[PDB]
Amino acid sequence: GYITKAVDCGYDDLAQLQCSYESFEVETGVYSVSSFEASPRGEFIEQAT
Amino acid sequence: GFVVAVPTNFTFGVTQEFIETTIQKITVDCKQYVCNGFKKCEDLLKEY
Amino acid sequence: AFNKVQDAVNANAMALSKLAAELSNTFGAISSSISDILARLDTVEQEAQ
Ligand SMILES: *[C@@H]1O[C@H](CO)[C@@H](O[C@@H]2O[C@H](CO)[C@@H](O)[C@H](O)[C@H]2NC(C)=O)[C@H](O)[C@H]1NC(C)=O
């Protein structure tokens, strides 16, 4: 019942692969992956007077 | 005996035919397709 | 040619696990269990969940 291992899914690209396919054993290949990074945003406001 | 129709002249005829061997390969980013990077959408998608 | 013997065993088992896993989804309801929807809501709100 104890958590044995974990993966931070935004650290590098192997971690994005493991979290995008939701498994720890990944079976040699070439894979397309998703993004799990935060990347804090800004603001672009432009209205007329 | 019997009658047989035997050729006395000929040509060469060409039949054309297409056989498909492959399709276009596509991978989809499912998270960006469904939720467009919104955290409120991504918590509602865990229920499915 | 031996890897196709195992990929039929895996295909037989992947069909059965996609049946049992759709019973723990809530699909946007308050719970994945009918006996909990019947105990927390009233008769007009039970039918929508
Ligand atoms: C088989 O058929 C072809 C075509 O029907 C004949 O070729 C013709 O020959 C004459 C005389 O040489 C020419 O005037 C025509 O222009 C030819 N036609 C074509 C389309 O090439 C050929 O002679 C025939 N063979 C026999 C043994 O009868």
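Reading the values: the criteria
Residues numbered from 1 in each chain as written, not as in the entry; some residues may be left out. Chains lettered and ligands numbered in written order. Part of a larger assembly, values for the part shown. Heavy atoms only, no water. Disulfide = S-S within 2.5 Å. UniProt positions renumbered as here; feature names shortened; annotations may be inferred. Helix = DSSP H or I, 4+ residues; strand = E, 2+ residues; numbered from the N terminus. Buried < 20%, exposed > 50% of the residue type's maximum accessible area, 1.4 Å probe, protein only. Contact = heavy atoms within 4.5 Å. 1 Å grid on protein atoms, 1.4 Å probe; cavity = no way out; pocket = protein on both sides within 12 Å on 5 of 7 lines; lining within 4 Å. Points joined across faces, edges and corners; volume = space filled by probe spheres on them. Nonpolar A, V, L, I, M, F, W, Y, C, P; charged D, E, K, R; others polar.

We now examine the UniProt feature "disulfide bond" in chain A. Residues and elements named next belong to chain A. A sulfur-sulfur distance of 2.0 Å between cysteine 9 and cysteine 19 means the disulfide UniProt records for this pair is formed in the structure. Residue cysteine 9 is found in the segment before α1 (13–21), and its partner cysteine 19 is found in helix α1; the two are separated by 10 residues along the sequence. Judged by relative accessible area, which is 23%, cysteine 9 ranks as partly exposed. Taking relative accessible area as the criterion, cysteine 19 reaches 17% and is therefore assigned buried.

This part covers the arrangement of the chains. Comparison of the two pairs of chains in contact shows the highest number of contacts for chains B and C. The two units chain A and chain C never meet; even their closest C-alpha atoms stay 14 Å apart.

Over the atoms, a rolled probe matching the size of one water molecule traces out where space is still vacant. The volume enclosed by the largest pocket comes to roughly 1,100 Å³. In terms of lining residues, the largest pocket is bounded by 28 residues, among which A:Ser34, A:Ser35, A:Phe36, B:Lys31 and B:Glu42 are the most central. Broken down by secondary-structure element, the contributors of at least two residues to the lining of the largest pocket are α1 of chain A together with α1 (30–34) and α2 (39–44) of chain B. Of all the elements, α1(B) adds the most residues to the lining of the largest pocket, at four residues. Taken together, the residues that form the lining of the largest pocket break down as 10 nonpolar, nine polar and nine charged.

Take the state of the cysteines next. Under the definition given, this model contains two disulfides over all chains. Across a sulfur-sulfur distance of 2.0 Å, A:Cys9 and A:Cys19 are joined as a disulfide pair. Sign of the S-S torsion, about -70° for the bond between A:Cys9 and A:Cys19, identifies this disulfide as left-handed. Here B:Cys35 engages in a disulfide with B:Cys41; their sulfurs sit 2.0 Å apart. For the disulfide bridge between B:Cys35 and B:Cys41, the dihedral angle about the S-S bond is near -70°, and by the sign convention the bridge is left-handed. A relative accessible area of 4% places B:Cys35 in the buried class.

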